[PDB]
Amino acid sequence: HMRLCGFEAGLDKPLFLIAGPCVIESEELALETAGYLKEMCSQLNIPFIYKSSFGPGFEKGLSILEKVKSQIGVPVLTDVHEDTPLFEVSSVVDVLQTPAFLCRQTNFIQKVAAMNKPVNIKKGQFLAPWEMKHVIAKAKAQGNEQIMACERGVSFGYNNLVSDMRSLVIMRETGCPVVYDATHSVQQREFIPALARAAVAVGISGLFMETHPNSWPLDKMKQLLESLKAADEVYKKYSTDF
């Protein structure tokens, strides 16, 4: 099993949630959302990681994540690009994430992993699941043992992503927790709860979700997570995968 932000991530461990809005709106709104999500997960005993990307400038957005981390007292995650200053971001956030469109940029992935922080590596929509083993293997090649593989859908014809549930099983061969992006593999909102239930019933380590105060409304998050936690318990009771 893998350690991450003070809790354990794994197929046999309790499901965790990466959630937050897409982009940082206001310090006031970001702190309200982060606190609301923290309490909801606390009332459901779900380990929680806050996420939001940069609207406000890069430096100002970094401060809002600094204030969320310190005032709300939650771990924070954000994306990085090939031109992101890794040391400045790493001195603020707890989890780095590589976007799907960079998943084949091996050396950028290696630069990200070299920061010695947990990395959520998003599978590209142009990738077959078995190809993730090599992407993940290159990320771990210098000792970073905190890599995760994030499923976000695969291209299906034009302007359509399909969630191939086999990918959740195949990517267990990476030796990493598999995270399911429930709000991006739709990119049409009424399918988000259905697909999240499917992924959790198949068996995953964590959920990734965008929330709205292709997003799931904040006032509907607790009911959905309540149904997902019950589905997760059923998977673990009958699991023959561990």
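Numbering starts at 1 and follows the sequence shown.
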{"property": "Residues of the deposited sequence that sit between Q188 and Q187 yet are not modelled", "result": "10 or more"}
{"property": "Size class of the missing deposited segment between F48 and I49", "result": "none"}
{"property": "Mean Cα B-factor comparison, 57-65 or 39-47, giving the higher one as deposited", "result": "57-65"}
{"property": "115-123 set against 70-78, stretch whose average Cα temperature factor tops the other in the entry", "result": "70-78"}
{"property": "Criterion, highest CA B-factor; candidates, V202, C176, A194, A30", "result": "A30"}
{"property": "Residue of maximum C-alpha B factor among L11, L225, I18, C22, per deposited coordinates", "result": "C22"}
{"property": "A141 CA temperature factor, ranked by third within the chain", "result": "highest"}
{"property": "Record-listed C-alpha B factor of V89: chain third", "result": "middle"}
{"property": "Cα B factor band for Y238 (lowest, middle or highest third within the chain)", "result": "middle"}
